[PDB]
Amino acid sequence: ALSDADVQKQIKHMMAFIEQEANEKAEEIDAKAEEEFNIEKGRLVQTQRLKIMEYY
Amino acid sequence: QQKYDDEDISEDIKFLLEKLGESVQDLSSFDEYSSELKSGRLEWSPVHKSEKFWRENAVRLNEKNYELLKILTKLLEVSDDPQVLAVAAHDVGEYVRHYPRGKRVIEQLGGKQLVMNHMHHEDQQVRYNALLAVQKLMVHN
Amino acid sequence: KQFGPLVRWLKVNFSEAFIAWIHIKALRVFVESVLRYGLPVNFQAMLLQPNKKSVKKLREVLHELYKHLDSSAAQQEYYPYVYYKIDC
Amino acid sequence: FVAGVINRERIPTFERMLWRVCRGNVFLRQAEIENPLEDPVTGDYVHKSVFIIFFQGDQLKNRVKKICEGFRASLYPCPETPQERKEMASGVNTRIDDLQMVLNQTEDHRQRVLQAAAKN
Amino acid sequence: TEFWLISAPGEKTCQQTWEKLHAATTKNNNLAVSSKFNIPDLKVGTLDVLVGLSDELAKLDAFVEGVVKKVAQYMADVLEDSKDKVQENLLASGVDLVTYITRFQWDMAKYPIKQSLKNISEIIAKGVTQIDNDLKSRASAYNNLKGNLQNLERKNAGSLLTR
């Protein structure tokens with residue numbers, strides 16, 4: 001059916017999908033980075049502020 | 001199997017057979033076999049052929065650091081009495097059959113190679129025992 | 001008085017089910033084209049109301065058109081072109 | 001996937017089935033054996049070839065296992081590119097030689113014992 | 001009535017007029033009715049996900065075929081705007097099936113363009129499931145009332161012995 005050149009073309013198609021998966025995973029890790037930034041930042045600010053106010 | 005009218009004959013035969021069964025059961029003990037091998041006094045005996053000793057006490061053959069199995073290897077290299085070597089080969093085969101996981105340890109020890117050597121022993125019985133031992137060692141290989 | 005709005009019930013619900021049906025079939029065609037080719041573009045879905053007895057002619061036409069693509073694999077579902085049936 | 005074992009009788013239709021599964025996503029490992037060894041089940045020196053596809057998707061691998069079941073395709077490899085696979089092959093060759101020689105000794109012993117058993 | 005939903009590889013924009021207007025080699029030389037389609041542009045994930053998606057799509061389409069033909073049959077039993085012989089089909093999108101099939105458009109409002117394929121399939125499955133269950137309940141209630149009416153009629157049917 002497909003020639004060997006078409007087999008390499010389908011390998012390139014697999015590569016387009018692999019790079020798409022890579023982009024998806026990188027952006028997902030970036031989203032998780034934003035989420036942990038928010039959560040841990042709020043947590044640390046809350047704990048430090050509460051310590052300072054109890055001291056006060 | 002034969003039946004006699006004299007009840008005394010049957011009772012005495014029953015007694016003797018039962019006490020002989022008890023005696024051979026008492027003979028069957030891993031301590032006895034381990035002493036035989038520690039001092040090197042190897043010979044065919046009911047302990048060397050007791051199915052429970054090979055099956056139930058297969059864990060007992062797993063010595064501390066498998067030193068008793070190492071003694072079997074040492075005898076595969078050292079013992080020159082053909083009967084003792086046949087005993088060692090048969091016991092190694094039994095140990096492998098009832099504990100295939102110790103065969104890898106034997107290969108590490110090189111005892112397997114010693115049985116490969118003992119295939120071509122100068123006495124047919126030793127050749128046969130080594131043959132059976134290796135045939136058990138060829139499971140999943 | 002049950003029959004009164006029963007007509008609305010069944011008619012509207014059949015409408016929704018039919019809409020879902022054709023949507024599913026469109027998704028199936030999209031998936032089949034995207035799999036039978038790589039990065040796809042304008043695969044040109046098409047609607048046919050076959051004339052009577054002319055099924056053989058149409059099958060011949062499409063075979064002559066696009067049987068070079070596979071030539072070995074694509075019948076009941078294995079055609080040299082993406083294919084589906086619809087009842088109406 | 002591998003230069004495995006197939007009797008080379010439905011390899012063309014096997015490729016056709018795999019082309020009806022996917023659109024030939026990966027080149028199929030191709031190998032052939034001339035006058036091969038006796039098959040364990042068939043008990044004859046049947047000709048063998050092999051034409052099998054490697055995959056990255058899980059559903060695709062499940063389908064490959066399904067079509068291997070449906071066809072006469074023996075496949076039990078450990079397809080690892082690095083050198084440890086070839087070291088494993090060398091060890092397999094050593095075990096094969098050991099099996100051959102022990103089998104020869106056993107056969108000779110059996111022949112001798114049977115001759116004696118006849119004469120008795 | 002039978003429609004066919006086909007598709008070509010689409011390597012060229014000339015394929016647009018080869019499948020529709022090219023009377024030399026098109027369908028029965030442009031005798032079968034030929035009409036373009038609306039198909040959403042949707043993202044795809046990975047290949048094994050697409051295999052699972054296609055299998056799920058086939059199964060769900062079979063089930064939806066059962067559902068849609070079953071509601072058509074129940075409406076035929078109701079005998080209004082559809083019968084087992086006359087009025088062979090009901091109205092989809094408020095228009096007859098021929099007009100909706102010939103002018104099929106994508107309903108992104110119900111199935112947003114930015115939902116993944118699997119999410120859209122799940123939404124469709126849930127919608128058709130709930131629709132079918134509710135309509136089965138309604139039709140069962142209506143048929144039970146009809147059966148009770150007919151039972152009462154049978155009790156008031158006969159002669160001076162049993163009527």
# chains A, B, ... in the order shown; residues from 1 in each chain; ligands from 1
call {"tool": "closest_atom_pairs", "arguments": {"of": "chain D", "to": "chain C", "cutoff": "10 Å", "atoms": "only C-alpha atoms", "output": "Markdown table"}}
result
| residue | atom | partner | partner_atom | distance |
| --- | --- | --- | --- | --- |
| D:12 | CA | C:72 | CA | 9.2 |
| D:13 | CA | C:72 | CA | 8.9 |
| D:15 | CA | C:73 | CA | 8.5 |
| D:16 | CA | C:73 | CA | 5.1 |
| D:17 | CA | C:73 | CA | 7.0 |
| D:18 | CA | C:73 | CA | 8.5 |
| D:19 | CA | C:73 | CA | 5.7 |
| D:20 | CA | C:73 | CA | 5.5 |
| D:21 | CA | C:73 | CA | 9.2 |
| D:22 | CA | C:35 | CA | 7.4 |
| D:23 | CA | C:36 | CA | 5.8 |
| D:24 | CA | C:36 | CA | 9.4 |
| D:25 | CA | C:38 | CA | 9.8 |
call {"tool": "write_last_selection", "arguments": {"atoms": "C-alpha atoms", "output": "PDB file, in the first residue's frame"}}
result
ATOM      1  CA  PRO D  12       0.161 -11.329   3.614  1.00  0.00           C
ATOM      2  CA  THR D  13      -3.306 -11.477   5.176  1.00  0.00           C
ATOM      3  CA  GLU D  15      -0.301  -7.446   6.979  1.00  0.00           C
ATOM      4  CA  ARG D  16      -3.754  -6.817   5.499  1.00  0.00           C
ATOM      5  CA  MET D  17      -5.375  -7.185   8.928  1.00  0.00           C
ATOM      6  CA  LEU D  18      -2.796  -4.865  10.497  1.00  0.00           C
ATOM      7  CA  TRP D  19      -3.499  -2.392   7.692  1.00  0.00           C
ATOM      8  CA  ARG D  20      -7.191  -2.623   8.566  1.00  0.00           C
ATOM      9  CA  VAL D  21      -6.255  -1.949  12.214  1.00  0.00           C
ATOM     10  CA  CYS D  22      -3.928   1.023  11.668  1.00  0.00           C
ATOM     11  CA  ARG D  23      -2.628   2.579   8.452  1.00  0.00           C
ATOM     12  CA  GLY D  24       0.729   0.819   8.757  1.00  0.00           C
ATOM     13  CA  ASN D  25       1.980   3.173  11.443  1.00  0.00           C
TER      14      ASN D  25
END
call {"tool": "select_by_dssp", "arguments": {"residues": "chain C", "states": "strand (DSSP E or B)", "output": "CSV table (one decimal) with N, CA, C and O atoms, in the first residue's frame"}}
result
chain,number,residue,atom,x,y,z
C,45,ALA,N,-16.2,15.6,3.4
C,45,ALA,CA,-17.3,14.7,3.6
C,45,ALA,C,-18.4,15.1,2.6
C,45,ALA,O,-18.5,16.2,2.1
C,46,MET,N,-19.2,14.1,2.2
C,46,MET,CA,-20.2,14.3,1.2
C,46,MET,C,-21.4,13.4,1.5
C,46,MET,O,-21.3,12.4,2.2
C,47,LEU,N,-22.6,13.9,1.0
C,47,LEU,CA,-23.9,13.2,1.2
C,47,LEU,C,-24.4,12.7,-0.1
C,47,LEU,O,-24.3,13.4,-1.1
C,48,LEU,N,-24.8,11.5,-0.2
C,48,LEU,CA,-25.3,10.8,-1.4
C,48,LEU,C,-26.7,10.3,-1.1
C,48,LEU,O,-26.9,9.6,-0.1
C,49,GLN,N,-27.7,10.6,-2.0
C,49,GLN,CA,-28.9,9.8,-2.0
C,49,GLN,C,-28.9,8.9,-3.2
C,49,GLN,O,-29.3,9.3,-4.3
C,82,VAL,N,-13.5,6.4,3.1
C,82,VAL,CA,-14.3,6.5,4.3
C,82,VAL,C,-15.8,6.3,3.9
C,82,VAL,O,-16.3,7.0,3.0
C,85,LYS,N,-23.3,4.3,6.4
C,85,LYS,CA,-24.7,4.2,5.9
C,85,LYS,C,-25.6,5.0,6.9
C,85,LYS,O,-25.2,5.2,8.0
C,86,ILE,N,-26.7,5.4,6.4
C,86,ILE,CA,-27.7,6.1,7.1
C,86,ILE,C,-29.1,5.6,6.7
C,86,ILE,O,-29.4,5.4,5.5
C,87,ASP,N,-30.0,5.5,7.7
C,87,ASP,CA,-31.4,5.1,7.4
C,87,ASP,C,-32.3,6.3,7.6
C,87,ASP,O,-32.0,7.2,8.4
call {"tool": "interface_residues", "arguments": {"of": "chain D", "to": "chain E", "cutoff": "6 Å", "atoms": "only C-alpha atoms", "output": "list in words"}}
result
residues 57, 58 and 59 of chain D
call {"tool": "atom_distance", "arguments": {"atom1": "CA of residue 6 in chain D", "atom2": "CA of residue 77 in chain D"}}
result
13.3 Å
call {"tool": "interface_residues", "arguments": {"of": "chain A", "to": "chain E", "cutoff": "9 Å", "atoms": "only C-alpha atoms", "output": "JSON, numbers by chain"}}
result
{"A": [14, 17, 18, 20, 21]}
call {"tool": "residues_around", "arguments": {"residues": "residue 8 in chain D", "least_positions_apart": "5", "cutoff": "7 Å", "atoms": "only C-alpha atoms", "output": "list in words"}}
result
residues 48, 49 and 50 of chain D
call {"tool": "write_last_selection", "arguments": {"atoms": "N, CA, C and O atoms", "output": "PDB file, in the first residue's frame"}}
result
ATOM      1  N   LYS D  48       9.749 -20.958   7.955  1.00  0.00           N
ATOM      2  CA  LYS D  48       9.364 -19.880   8.851  1.00  0.00           C
ATOM      3  C   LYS D  48       9.784 -18.536   8.271  1.00  0.00           C
ATOM      4  O   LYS D  48      10.865 -18.405   7.696  1.00  0.00           O
ATOM      5  N   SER D  49       8.910 -17.543   8.416  1.00  0.00           N
ATOM      6  CA  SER D  49       9.271 -16.140   8.242  1.00  0.00           C
ATOM      7  C   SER D  49       8.627 -15.361   9.384  1.00  0.00           C
ATOM      8  O   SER D  49       8.105 -15.947  10.336  1.00  0.00           O
ATOM      9  N   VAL D  50       8.665 -14.033   9.309  1.00  0.00           N
ATOM     10  CA  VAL D  50       8.039 -13.212  10.342  1.00  0.00           C
ATOM     11  C   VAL D  50       7.867 -11.797   9.813  1.00  0.00           C
ATOM     12  O   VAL D  50       8.739 -11.263   9.121  1.00  0.00           O
TER      13      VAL D  50
END
call {"tool": "residues_around", "arguments": {"residues": "residue 46 in chain B", "least_positions_apart": "3", "cutoff": "8 Å", "atoms": "only C-alpha atoms", "output": "list in words"}}
result
residues 24, 27, 28, 49 and 50 of chain B
call {"tool": "interface_residues", "arguments": {"of": "chain C", "to": "chain E", "cutoff": "7 Å", "atoms": "only C-alpha atoms", "output": "PyMOL selection string"}}
result
chain C and resi 2+7+10-11+13-15+17-21+24+26+28+31+37+41-51+57-58+61+81-88
call {"tool": "interface_residues", "arguments": {"of": "chain A", "to": "chain C", "cutoff": "12 Å", "atoms": "only C-alpha atoms", "output": "mmCIF file with N, CA, C and O atoms, in the first residue's frame"}}
result
data_model
loop_
_atom_site.group_PDB
_atom_site.id
_atom_site.type_symbol
_atom_site.label_atom_id
_atom_site.label_comp_id
_atom_site.auth_asym_id
_atom_site.auth_seq_id
_atom_site.Cartn_x
_atom_site.Cartn_y
_atom_site.Cartn_z
ATOM 1 N N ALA A 1 0.830 -1.199 0.000
ATOM 2 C CA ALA A 1 0.000 0.000 0.000
ATOM 3 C C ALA A 1 0.871 1.258 0.000
ATOM 4 O O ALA A 1 1.160 1.818 -1.057
ATOM 5 N N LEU A 2 1.285 1.698 1.186
ATOM 6 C CA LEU A 2 2.155 2.860 1.291
ATOM 7 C C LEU A 2 3.588 2.485 0.939
ATOM 8 O O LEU A 2 4.071 1.405 1.292
ATOM 9 N N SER A 3 4.268 3.383 0.235
ATOM 10 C CA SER A 3 5.683 3.203 -0.041
ATOM 11 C C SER A 3 6.492 3.427 1.233
ATOM 12 O O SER A 3 5.969 3.853 2.262
ATOM 13 N N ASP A 6 6.364 6.886 2.264
ATOM 14 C CA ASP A 6 5.149 7.144 3.026
ATOM 15 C C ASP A 6 5.243 6.591 4.443
ATOM 16 O O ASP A 6 4.605 7.124 5.356
ATOM 17 N N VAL A 7 6.044 5.545 4.660
ATOM 18 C CA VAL A 7 6.250 5.054 6.020
ATOM 19 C C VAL A 7 7.033 6.079 6.826
ATOM 20 O O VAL A 7 6.731 6.333 7.998
ATOM 21 N N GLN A 8 8.045 6.692 6.212
ATOM 22 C CA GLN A 8 8.750 7.772 6.893
ATOM 23 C C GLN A 8 7.851 8.989 7.088
ATOM 24 O O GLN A 8 7.980 9.699 8.090
ATOM 25 N N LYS A 9 6.936 9.243 6.151
ATOM 26 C CA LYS A 9 5.962 10.315 6.344
ATOM 27 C C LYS A 9 5.067 10.032 7.544
ATOM 28 O O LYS A 9 4.746 10.937 8.319
ATOM 29 N N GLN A 10 4.633 8.783 7.700
ATOM 30 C CA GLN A 10 3.829 8.426 8.860
ATOM 31 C C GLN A 10 4.650 8.478 10.142
ATOM 32 O O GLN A 10 4.112 8.784 11.213
ATOM 33 N N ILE A 11 5.949 8.198 10.057
ATOM 34 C CA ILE A 11 6.819 8.422 11.208
ATOM 35 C C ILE A 11 6.844 9.905 11.560
ATOM 36 O O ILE A 11 6.787 10.280 12.734
ATOM 37 N N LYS A 12 6.916 10.769 10.546
ATOM 38 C CA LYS A 12 6.854 12.210 10.783
ATOM 39 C C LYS A 12 5.516 12.619 11.391
ATOM 40 O O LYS A 12 5.456 13.550 12.199
ATOM 41 N N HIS A 13 4.433 11.960 10.986
ATOM 42 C CA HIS A 13 3.131 12.208 11.600
ATOM 43 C C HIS A 13 3.138 11.815 13.076
ATOM 44 O O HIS A 13 2.637 12.558 13.936
ATOM 45 N N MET A 14 3.703 10.644 13.383
ATOM 46 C CA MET A 14 3.931 10.263 14.772
ATOM 47 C C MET A 14 4.763 11.306 15.498
ATOM 48 O O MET A 14 4.563 11.535 16.692
ATOM 49 N N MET A 15 5.707 11.939 14.800
ATOM 50 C CA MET A 15 6.525 12.966 15.436
ATOM 51 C C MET A 15 5.715 14.222 15.717
ATOM 52 O O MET A 15 5.910 14.873 16.749
ATOM 53 N N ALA A 16 4.822 14.591 14.803
ATOM 54 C CA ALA A 16 3.931 15.713 15.074
ATOM 55 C C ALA A 16 3.093 15.433 16.312
ATOM 56 O O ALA A 16 2.933 16.301 17.179
ATOM 57 N N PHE A 17 2.584 14.204 16.433
ATOM 58 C CA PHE A 17 1.810 13.849 17.621
ATOM 59 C C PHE A 17 2.681 13.831 18.875
ATOM 60 O O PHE A 17 2.233 14.239 19.952
ATOM 61 N N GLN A 20 3.226 17.289 19.909
ATOM 62 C CA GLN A 20 1.988 17.789 20.498
ATOM 63 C C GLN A 20 1.842 17.316 21.939
ATOM 64 O O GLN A 20 1.458 18.091 22.821
#
call {"tool": "residues_around", "arguments": {"residues": "residue 40 in chain B", "least_positions_apart": "5", "cutoff": "10 Å", "atoms": "only C-alpha atoms", "output": "list in words"}}
result
residues 34, 35, 71, 72, 75, 79 and 84 of chain B
call {"tool": "write_last_selection", "arguments": {"atoms": "N, CA, C and O atoms", "output": "tab-separated table (two decimals), in the first residue's frame"}}
result
chain	number	residue	atom	x	y	z
B	34	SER	N	22.57	-33.71	58.07
B	34	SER	CA	23.54	-32.62	58.15
B	34	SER	C	24.80	-33.08	58.86
B	34	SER	O	25.90	-32.68	58.48
B	35	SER	N	24.67	-33.92	59.89
B	35	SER	CA	25.88	-34.46	60.52
B	35	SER	C	26.64	-35.36	59.55
B	35	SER	O	27.88	-35.27	59.46
B	71	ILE	N	28.77	-27.42	51.00
B	71	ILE	CA	29.48	-28.66	51.32
B	71	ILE	C	29.22	-29.70	50.24
B	71	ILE	O	30.11	-30.47	49.87
B	72	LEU	N	27.99	-29.74	49.72
B	72	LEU	CA	27.71	-30.61	48.58
B	72	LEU	C	28.60	-30.24	47.40
B	72	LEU	O	29.15	-31.12	46.72
B	75	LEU	N	32.11	-31.37	48.03
B	75	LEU	CA	32.25	-32.81	47.84
B	75	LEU	C	32.19	-33.19	46.36
B	75	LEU	O	32.84	-34.14	45.93
B	79	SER	N	35.31	-35.26	47.02
B	79	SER	CA	35.05	-36.68	47.16
B	79	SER	C	35.40	-37.42	45.88
B	79	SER	O	35.01	-37.02	44.78
B	84	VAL	N	29.86	-41.90	47.14
B	84	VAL	CA	29.64	-40.62	47.79
B	84	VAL	C	29.25	-39.56	46.76
B	84	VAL	O	28.38	-38.72	47.01
call {"tool": "interface_residues", "arguments": {"of": "chain D", "to": "chain B", "cutoff": "9 Å", "atoms": "only C-alpha atoms", "output": "tab-separated table (two decimals) with N, CA, C and O atoms, in the first residue's frame"}}
result
chain	number	residue	atom	x	y	z
D	92	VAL	N	21.54	-17.72	26.26
D	92	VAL	CA	20.56	-18.65	25.72
D	92	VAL	C	21.24	-19.71	24.87
D	92	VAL	O	20.89	-20.90	24.92
D	95	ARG	N	22.85	-22.22	27.24
D	95	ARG	CA	21.85	-23.13	27.78
D	95	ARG	C	21.40	-24.13	26.72
D	95	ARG	O	21.13	-25.30	27.04
D	96	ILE	N	21.29	-23.69	25.47
D	96	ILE	CA	20.86	-24.58	24.39
D	96	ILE	C	21.87	-25.69	24.20
D	96	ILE	O	21.51	-26.87	24.02
D	98	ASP	N	23.94	-26.83	26.45
D	98	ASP	CA	23.83	-27.71	27.61
D	98	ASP	C	22.65	-28.67	27.46
D	98	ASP	O	22.77	-29.87	27.75
D	99	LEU	N	21.51	-28.15	27.00
D	99	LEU	CA	20.34	-28.99	26.78
D	99	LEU	C	20.62	-30.07	25.75
D	99	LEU	O	20.26	-31.23	25.93
D	102	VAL	N	23.07	-32.81	27.30
D	102	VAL	CA	22.42	-33.67	28.29
D	102	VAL	C	21.39	-34.56	27.61
D	102	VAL	O	21.22	-35.73	27.99
D	103	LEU	N	20.68	-34.05	26.60
D	103	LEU	CA	19.73	-34.88	25.88
D	103	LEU	C	20.44	-36.03	25.17
D	103	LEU	O	19.93	-37.16	25.15
D	105	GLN	N	23.27	-37.51	26.08
D	105	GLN	CA	23.65	-38.49	27.09
D	105	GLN	C	22.45	-39.30	27.56
D	105	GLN	O	22.53	-40.53	27.70
D	106	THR	N	21.31	-38.63	27.78
D	106	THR	CA	20.11	-39.33	28.22
D	106	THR	C	19.65	-40.32	27.17
D	106	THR	O	19.24	-41.44	27.50
D	109	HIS	N	21.93	-43.38	27.23
D	109	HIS	CA	21.62	-44.19	28.40
D	109	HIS	C	20.33	-44.96	28.20
D	109	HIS	O	20.24	-46.15	28.55
call {"tool": "atom_distance", "arguments": {"atom1": "CA of residue 31 in chain D", "atom2": "CA of residue 89 in chain D"}}
result
17.0 Å
call {"tool": "select_by_dssp", "arguments": {"residues": "chain C", "states": "alpha helix (DSSP H)", "output": "PyMOL selection string"}}
result
chain C and resi 3-36+55-66
call {"tool": "residues_around", "arguments": {"residues": "residue 74 in chain D", "least_positions_apart": "2", "cutoff": "8 Å", "atoms": "only C-alpha atoms", "output": "PDB file with C-alpha atoms, in the first residue's frame"}}
result
ATOM      1  CA  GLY D   4       9.876 -13.650  15.725  1.00  0.00           C
ATOM      2  CA  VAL D   5       8.477 -16.966  14.474  1.00  0.00           C
ATOM      3  CA  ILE D   6       5.644 -17.442  11.962  1.00  0.00           C
ATOM      4  CA  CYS D  68      -1.190 -12.828  17.211  1.00  0.00           C
ATOM      5  CA  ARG D  72      -0.218 -18.692  13.965  1.00  0.00           C
ATOM      6  CA  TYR D  76       7.797 -14.496  23.293  1.00  0.00           C
TER       7      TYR D  76
END
call {"tool": "atom_distance", "arguments": {"atom1": "CA of residue 3 in chain C", "atom2": "CA of residue 154 in chain E"}}
result
21.6 Å
call {"tool": "decode", "arguments": {"residues": "range 70-83 of chain B", "atoms": "N, CA, C and O atoms", "output": "compact mmCIF listing (two decimals), in the first residue's frame"}}
result
# COMPACT_ATOMS: atom_id res chain seq x y z
N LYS B 70 26.87 -25.73 49.95
CA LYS B 70 28.26 -25.49 49.60
C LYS B 70 29.12 -26.70 49.93
O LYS B 70 30.09 -26.99 49.24
N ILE B 71 28.77 -27.42 51.00
CA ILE B 71 29.48 -28.66 51.32
C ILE B 71 29.22 -29.70 50.24
O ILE B 71 30.11 -30.47 49.87
N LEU B 72 27.99 -29.74 49.72
CA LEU B 72 27.71 -30.61 48.58
C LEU B 72 28.60 -30.24 47.40
O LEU B 72 29.15 -31.12 46.72
N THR B 73 28.77 -28.95 47.13
CA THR B 73 29.66 -28.52 46.05
C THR B 73 31.11 -28.92 46.33
O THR B 73 31.82 -29.43 45.45
N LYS B 74 31.56 -28.70 47.56
CA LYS B 74 32.91 -29.07 47.96
C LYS B 74 33.14 -30.56 47.76
O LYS B 74 34.23 -30.97 47.38
N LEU B 75 32.11 -31.37 48.03
CA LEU B 75 32.25 -32.81 47.84
C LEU B 75 32.19 -33.19 46.36
O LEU B 75 32.84 -34.14 45.93
N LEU B 76 31.41 -32.45 45.58
CA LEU B 76 31.43 -32.66 44.14
C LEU B 76 32.82 -32.41 43.57
O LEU B 76 33.19 -33.01 42.55
N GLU B 77 33.60 -31.53 44.20
CA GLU B 77 34.99 -31.33 43.79
C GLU B 77 35.99 -32.21 44.52
O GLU B 77 37.06 -32.49 43.97
N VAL B 78 35.67 -32.68 45.72
CA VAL B 78 36.67 -33.29 46.60
C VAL B 78 36.50 -34.80 46.66
O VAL B 78 37.45 -35.55 46.42
N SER B 79 35.31 -35.26 47.02
CA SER B 79 35.05 -36.68 47.16
C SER B 79 35.40 -37.42 45.88
O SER B 79 35.01 -37.02 44.78
N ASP B 80 36.17 -38.50 46.03
CA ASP B 80 36.53 -39.37 44.92
C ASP B 80 35.89 -40.75 45.02
O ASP B 80 35.94 -41.51 44.05
N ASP B 81 35.29 -41.08 46.16
CA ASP B 81 34.53 -42.31 46.28
C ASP B 81 33.33 -42.22 45.34
O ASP B 81 32.54 -41.28 45.47
N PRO B 82 33.17 -43.13 44.37
CA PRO B 82 32.04 -42.99 43.43
C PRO B 82 30.67 -42.97 44.11
O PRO B 82 29.79 -42.22 43.69
N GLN B 83 30.48 -43.80 45.14
CA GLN B 83 29.18 -43.84 45.81
C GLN B 83 28.86 -42.52 46.50
O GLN B 83 27.72 -42.06 46.47
